[PDB]
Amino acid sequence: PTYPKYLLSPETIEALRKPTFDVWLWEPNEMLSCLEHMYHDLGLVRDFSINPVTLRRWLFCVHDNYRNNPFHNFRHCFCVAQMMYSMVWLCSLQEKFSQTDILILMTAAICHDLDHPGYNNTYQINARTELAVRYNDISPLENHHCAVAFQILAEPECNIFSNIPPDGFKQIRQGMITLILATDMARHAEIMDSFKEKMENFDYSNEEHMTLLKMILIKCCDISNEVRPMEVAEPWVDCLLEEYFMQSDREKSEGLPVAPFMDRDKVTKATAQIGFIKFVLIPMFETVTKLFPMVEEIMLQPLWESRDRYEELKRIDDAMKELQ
């Protein structure tokens, strides 16, 4: 008659494939099911012999290792993985990548922010936290994310890779590590040039080229909120600042340097996103379009719109601050 929520309706399974899928409409359970479906759907369960029950526990254990942060939480996790999923279709990645690579992109996307503490690397380093000390100031967050990802995959009951020859595990593990560590925005500029370089004459056969592409791909999905529909996109800006301000305050109480872009007294939903969209998002997606031109209409388009919308929104804010 009427089936429970964790039984995705054939409509859901259809929307899930596109970047428009409203990420806010579901509860963890439902989202967990979505992720589950993704692995079966991409043939990952099939091509690697992933025990379906294990996939269930793994995802459940993954969801449990994400803190309840305003921004870097389980729903964000979902966003990145779902956006990665979208791009697999939109770009026909299965025509360019081996099922193994696809496994990497997806698993990596899902694990990229495991146990994120709600404070960036700059804070971890200045506050000389355990993460900072443990990782010798080298992308402590990402290094931690990655470690937790594999601590989980080390639990036999969650080891969704239990039936992969050891030679494969090594290749998958390497790839994931690379990708997850590539999400530290500190390395953005560096990664973009490496990619832009090999781009002058891309080569899907060349391995280094492909690793950069996978790197660029996970980065895209990771900060792809602004690509999403304006209603689903805006609320995340609030979550983000909610986190940035939480850190800027703490930094102030503890007398640690405060990044201006996180300063509660200088930031507004507008000024924050305008620079990010114009100078980080657009350019990155721009160069990716060179390889997958259908990305221009599906992701570059909403970005241009959000840029204008936010730019105009500041234009307005300035006029108001003026009257006063």
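Note that the rigid core is defined as the largest set of C-alphas that superpose within 1.5 Å between two forms. In this text, residue numbers run from 1 along the sequence as written.
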query = Which stretch is more displaced from the shown form in 7 other deposited structures of this protein, 260 to 268 or 28 to 36, with RMS over structures and residues of Cα positions after a rigid core fit?
reply = 260 to 268
remark   = Higher avg CA temperature factor (211 to 219 vs 95 to 103, as deposited) belongs to 95 to 103
request  = Look over 168 to 176 and 182 to 190 in the entry and identify the one with the greater average Cα temperature factor.
outcome  = 168 to 176
Cα B factor band for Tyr204 (lowest, middle or highest third within the chain) = highest
ask   = Ranked by Cα temperature factor within the chain, is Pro117 in the lowest third, the middle third or the highest third?
value = lowest
message = Please place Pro156 in the lowest, middle or highest third of its chain according to the CA B-factor in the PDB entry.
response = middle
request  = Classify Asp137 as lowest, middle or highest third according to the C-alpha B-factor given in the PDB entry, relative to its own chain.
outcome  = lowest
task = Sorting the chain's modelled residues by C-alpha B-factor, tell me whether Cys79 ends up in the lowest, middle or highest third.
result = lowest
